[PDB]
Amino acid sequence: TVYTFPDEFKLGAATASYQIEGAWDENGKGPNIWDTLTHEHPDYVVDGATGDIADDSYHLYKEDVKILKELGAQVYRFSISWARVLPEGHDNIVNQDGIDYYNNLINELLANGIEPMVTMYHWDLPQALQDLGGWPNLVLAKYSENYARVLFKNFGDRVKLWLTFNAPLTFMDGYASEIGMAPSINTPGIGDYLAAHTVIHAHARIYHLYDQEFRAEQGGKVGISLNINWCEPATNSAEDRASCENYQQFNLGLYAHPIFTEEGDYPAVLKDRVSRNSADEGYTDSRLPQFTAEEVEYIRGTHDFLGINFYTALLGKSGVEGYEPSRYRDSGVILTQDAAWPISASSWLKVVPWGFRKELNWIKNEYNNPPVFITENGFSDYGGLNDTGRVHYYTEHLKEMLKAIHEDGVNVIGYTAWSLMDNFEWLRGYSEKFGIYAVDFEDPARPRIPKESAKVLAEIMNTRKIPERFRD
């Protein structure tokens, strides 16, 4: 039983637009902040890589569907490129080529018995909107509503699973470093909080839009994908436990407390620690933006499920470190990783499968057991088809998730592996491989070929259980 997937549980794989599509300026697509970063600042990216071609999924989407069908995916999670649909960011011009592209992909999936799950925003903001300040500027919440309306109108007759945003905890950091994630602006502890605030408002507008304009007709579900690491106390002390609770609230709770609790608003510890630190540094006003009571009520409850991107764990101990001002410093935890944990090709990603079960329980307890869809989970290496590390990563994480479901009563409803194929890994370029299919980026045809992990995942998807040879 503990090794079998529930009958209705959905298994599949995931990608994101900039990471796979290419065709960055083809057929009317406008520029986004990742076009800008990779073109203007190749020094920020391993190898000076760009997403100009990537997996060429703009042209090769039928090949993506073919490998999804081979894998036996029930669901394909992909994102829509805002600037491919609305090249100016604003909704005055809709690019028919972009509409056609996503319709073609959706229709191809459905014809092959694969359900589309669509992320509206996976980090590729139109440059025209960044030029207004991007996410720190609250005007983007209405712009995001208008973008979502175009998506619901054009695609919602066939798409029944939506994510407003992907991993805003990560993309907000594009406002916390001059050399980091797009748009690479150095406003740590100030602009990243403003970005989060706008994202939360935008998410809520999109959910209410669905309720008002689309749900009765379309009957789908709208969630948000939040990334979160487990944070294990470095020792069993109450002080180290407090630091790990701080971590959860400053990383997951920042987004999930406003949306997924009955109370709404930011977590108290976030409000209070930032208020205190801001006062002590001489600011008249807290660096953390505020919601009014009306906004708190508007935002809370704006969910049909919770998407989670889970990869790894950290150790947390009591204390404060980091630069003033910064979210890490504000969070009141000292973070490390255990040298004993298996490594990957990504400095931040260690293999800690039991952390997944701990995180799922933390979520269950904090948010009253929301339906949870694992929208990403996966592992990096530098190359190779005999990807034993990736196979082990998947089989262990899936076992831990199944324990969370069967032993712990966590309402996990689906899981999409990150990623269907090797792709553009942001500032790491093509150097870090997350795919279950390999892609030859030196071959203009970008063939996708299965790794051992794709074969094992296909076996899991076909049999709906963890094979005996991977059991404890």
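Note that residue numbering follows the sequence shown and begins at 1.
Here 444-452 and 20-28 are compared by their mean Cα B-factor, and 444-452 comes out higher. Here the stretch with the larger average CA B-factor, out of 232-240 and 324-332, is 232-240. The residue among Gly89, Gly253, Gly189, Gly282 whose C-alpha carries the highest B-factor in the deposited model is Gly282. Which of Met401, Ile224, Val351, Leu110 has the largest Cα B-factor in the deposited entry comes down to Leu110.
Placement of the Cα temperature factor of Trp418 within the chain: lowest third of the modelled residues, per the deposited record. For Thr50, the recorded CA temperature factor ranks within the middle third of the chain's modelled residues.
In the PDB entry, a CA B factor belonging to the middle third of its chain's modelled residues is recorded for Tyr430. When all modelled residues of the chain are sorted by CA temperature factor, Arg77 is found within the middle third. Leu37 sits in the lowest third of its chain by CA B factor, as recorded in the PDB entry.
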